[PDB]
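*Asks:* In terms of my numbering, the sequence shown is residues -11 to 270.
Just so it is clear, CB atoms sit at the ideal spot from N, CA and C, and this is done for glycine as well.
Quick one: structure below, then a few questions.
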Amino acid sequence: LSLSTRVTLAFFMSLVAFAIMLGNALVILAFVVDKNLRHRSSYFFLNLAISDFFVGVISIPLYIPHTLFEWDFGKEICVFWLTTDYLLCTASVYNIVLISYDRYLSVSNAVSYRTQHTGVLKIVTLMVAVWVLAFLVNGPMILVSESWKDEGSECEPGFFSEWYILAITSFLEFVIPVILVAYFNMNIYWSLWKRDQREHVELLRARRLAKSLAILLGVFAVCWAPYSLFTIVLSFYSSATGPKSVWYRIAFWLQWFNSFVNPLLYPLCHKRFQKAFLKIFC
Ligand SMILES: NCCc1c[nH]cn1
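This is the structure in structure tokens:
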């Protein structure tokens, strides 16, 4: 490819990485500064922001020279990049699932949710469990499958050669999170709908709630399904390892776009966090 086009692509991808860094940095700054954001939802938002921020800082910036400018990762560097990227992505997915579970509990057991005493230790335990499971899904397999890789230098995970490992990983990182999020969102909507001139206002508010939940679920699914399905299909047809097509690269970038989108949906739509941002920037 021409040097000018490569430079332009590098600039755009660096802009994407900078945006990913900046949104989550703002979220973390709000959490650290306000000190009125010590609720469970705020801690989960902080976890998600940390995950997406370190997606912005490590994964994408390492990606640009490797792909656009032909820098050759070292084997250990490739292992580090793969492990960190998969860990961060799965951690983002699991943080979204945990946020959905928290909102479902707040809407279904509001009395117990309000009266319940939750210490910082339990919230930290939930966050650490999210991270631990995120690692357990991918890393123990990436490190083990590094041996399976051929002599030729390829920085995809080794288990990409086996389609069933891909199927299991996608089941534990995409399918179950999607099902859980859909269940929680549908239950929140059902809660409001059961609770529901006056009828017209109730209909409008129910429509708004449905639209919001559908937007969340659809964004998550649209971002995470393309690449997973592409990888599974290609591995089943043995095309997972080898040259990549343009659509494959777009699907690859969709997950990082999800990492970019998460800050503006879950944190930025919360009134407490909006107040924090307004105070900070004013
Ligand atoms: N979740 C596997 C790593 C990845 C895919 N797309 C972007 N990063």
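Go ahead and pull the three-state DSSP assignment for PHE57.
*Replies:* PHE57 falls in the coil class under three-state DSSP.
*Asks:* Between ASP138 and the rest of its own chain, which residues show a CB-CB distance below 7 Å, the 5 nearest in sequence each way excluded?
*Replies:* Excluding residues within five positions, none has a Cβ falling inside 7 Å.
*Asks:* Here's the rule I'm using: 16 or more other beta-carbon atoms within 10 Å means buried, otherwise exposed. How should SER30 be labelled?
*Replies:* Buried.
*Asks:* Note down the Cα distance separating residue 271 from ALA18, rounded to an integer number of angstroms.
*Replies:* Because the chain spans -11 through 270 in this model, residue 271 falls outside it and cannot be assessed.
*Asks:* Check whether the Cβ of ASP40 lies closer than 6 Å to any heavy atom of ligand 1, and answer yes or no.
*Replies:* False, no ligand heavy atom lies under 6 Å from that Cβ.
*Asks:* CB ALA122 to CB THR78, shorter than 7 Å?
*Replies:* Going by C-beta atoms, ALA122 is nearer than 7 Å to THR78.
*Asks:* Is the CB-CB distance between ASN173 and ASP40 below 7 Å?
*Replies:* No, they are not a contact pair.
*Asks:* Assign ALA228 to buried or exposed, taking buried as 16 or more other Cβ atoms, counted over all protein chains shown, within 10 Å of its Cβ.
*Replies:* So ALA228 counts as buried.
*Asks:* Counting only runs that start and end within the stretch 145 to 220, where is the alpha helix (DSSP H) found for 4 or more residues in a row?
*Replies:* With a minimum length of 4 residues, the continuous alpha helix (DSSP H) runs that stay inside the stretch 145 to 220 are 151 to 158, 164 to 183.
*Asks:* Return helix, strand or coil for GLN104, following the three-state DSSP convention.
*Replies:* Coil at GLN104, not helix or strand.
*Asks:* Can you give me the C-alpha to C-alpha distance between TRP151 and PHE208, rounded to a whole angstrom?
*Replies:* One C-alpha to the other measures close to 23 Å.
*Asks:* With DSSP as the reference, label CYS270 as helix, strand or coil.
*Replies:* Coil.
*Asks:* What are the uninterrupted segments assigned as alpha helix (DSSP H) that are 4 or more residues long and contained completely in the stretch -10 to 62, given in chain order?
*Replies:* Listed in chain order, they are -9 to 22, 28 to 42, 48 to 55.
*Asks:* Who are the near neighbours of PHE224 in its chain, counting only those whose CB is closer than 7 Å to its CB and skipping five residues on each side?
*Replies:* Excluding residues within five positions, the ones whose Cβ falls inside 7 Å are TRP151.
*Asks:* Can you tell me whether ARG91 is buried or exposed, with buried defined as 16 or more other CB within 10 angstroms of its CB?
*Replies:* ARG91 comes out buried.
*Asks:* Closer than 8 Å is the cut-off here; do at least three beta carbon pairs connect the stretch 146 to 166 with the stretch 213 to 220?
*Replies:* Enough Cβ pairs lie closer than 8 Å, so yes.
*Asks:* Let's test the definition: count the other Cβ atoms within 10 Å of the Cβ of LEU70 and tell me whether it reaches 16, buried, or not, exposed.
*Replies:* Buried: at least 16 other Cβ atoms inside 10 Å.
*Asks:* Suppose contacts are defined by Cβ-Cβ distances below 7 Å. Is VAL15 in contact with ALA(-2) by that definition?
*Replies:* In this structure, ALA(-2) does not lie closer than 7 Å to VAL15 by Cβ.
*Asks:* Label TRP244 either buried or exposed according to how many other C-beta atoms from any shown protein chain fall within 10 Å of its C-beta, with 16 as the threshold for buried.
*Replies:* The residue in question, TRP244, is buried, as its Cβ has 16 or more Cβ neighbours within 10 Å.
*Asks:* Short check: CB of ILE52 to CB of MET9, under 7 Å?
*Replies:* No, the pair does not count as a contact, with Cβ atoms beyond the cut-off.
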